[PDB]
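Only one chain is shown below, in structure tokens, and it's the form deposited in one PDB entry.
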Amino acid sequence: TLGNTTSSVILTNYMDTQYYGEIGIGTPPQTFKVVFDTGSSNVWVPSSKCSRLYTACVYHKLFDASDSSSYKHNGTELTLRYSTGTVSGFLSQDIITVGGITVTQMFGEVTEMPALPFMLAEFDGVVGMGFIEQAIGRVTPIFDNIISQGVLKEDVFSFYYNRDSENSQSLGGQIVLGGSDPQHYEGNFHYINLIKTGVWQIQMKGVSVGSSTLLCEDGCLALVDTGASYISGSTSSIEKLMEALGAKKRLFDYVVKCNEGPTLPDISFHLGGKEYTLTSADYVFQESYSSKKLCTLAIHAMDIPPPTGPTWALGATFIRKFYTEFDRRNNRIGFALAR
């Protein structure tokens, strides 16, 4: 069932690595900063039942069920094993407000939240925008529950991620539920069908580094992940990519001499009909131009295990350049040049 509603959520951009918006949970609402994530399918926030021996729980907003009159107990154990690590807790149900839409939702109350990486997170929790097929504990995802209300104009949602500004007047980003915002893209959308329903993943035909370097020659997979900061490839693909760029490996990231940053070649992703090109300004964190300082690249290695991986992941680095529409009705992803 389709309605006429379109709901937008304004996002805050933290350092071009974290894009989060607000949701309200319970009666009266308890607010949380959340990443709207196409790479996962569960909703979770830290819980008041999280031991304060997990320091990430000291520095984040905690959901207190004892303060909500609309809360409904469940209690089923929940373990979410992600590429960044594990969080665990239990299931709870309450009313969630997201951009004006009110939805009764089953979510995770996280009681175990590791300092690495969550002490680095400016957000509190996660709103999984992925499919029911990948939902842990077979919990109905929030977008499926919103769709069931038959209020949305279309069975789609869109992401706009802005470049980081120091001006408070700057919109960090925007998620549209039920459509796309023509003020944040130009030209037309070009769609790529999903390999299969259940994962926001598409076929990739090749990766080009300048003129003389080529990866993904026989085709590969591309997960379009709004919850990832950087573009990621397998360890093997990234070693070849970085060698081609003249970048050196550190503990978790890759760097170039800052003065060399503006000279780096274009990187192109062949998706569906089109080539999606990122210049060095799109993937280098150009913090200085010094021959004496190292500048980080917004690309790294991540070995995603089967059945989803091995796969590349097109994170915030890609979405900043290309406004993205996630189409559930047609099982496809549309890209248009962001503005």
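So that the term is clear: the rigid core is the largest set of C-alpha atoms that superpose within 1.5 Å between two forms. Throughout, we count residues from 1 along the sequence that is shown.
Beyond what is shown, the protein has a form deposited in another entry; the following relates to that form.
Only one entry in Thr97, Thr140, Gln203, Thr213 has its C-alpha moved by 2 angstroms or more between this form and the one not shown when the rigid core is superposed, and that entry is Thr213. Relative to the superposed core, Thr277 undergoes a C-alpha shift smaller than 2 Å between this form and the one not shown. Fitting the two forms on the rigid core leaves the C-alpha of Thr86 displaced by at least 2 angstroms between this form and the one not shown. Taking the rigid core as fixed, one finds a CA shift for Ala247 of 2 Å or more between this form and the one not shown. A shift of at least 3 angstroms brings the Cα atoms of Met15 and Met129 nearer to each other in that other deposited form than in the displayed structure. Put simply, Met15 and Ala313 come closer in that other deposited form: their C-alpha atoms are 3 Å or more nearer than in the form shown.
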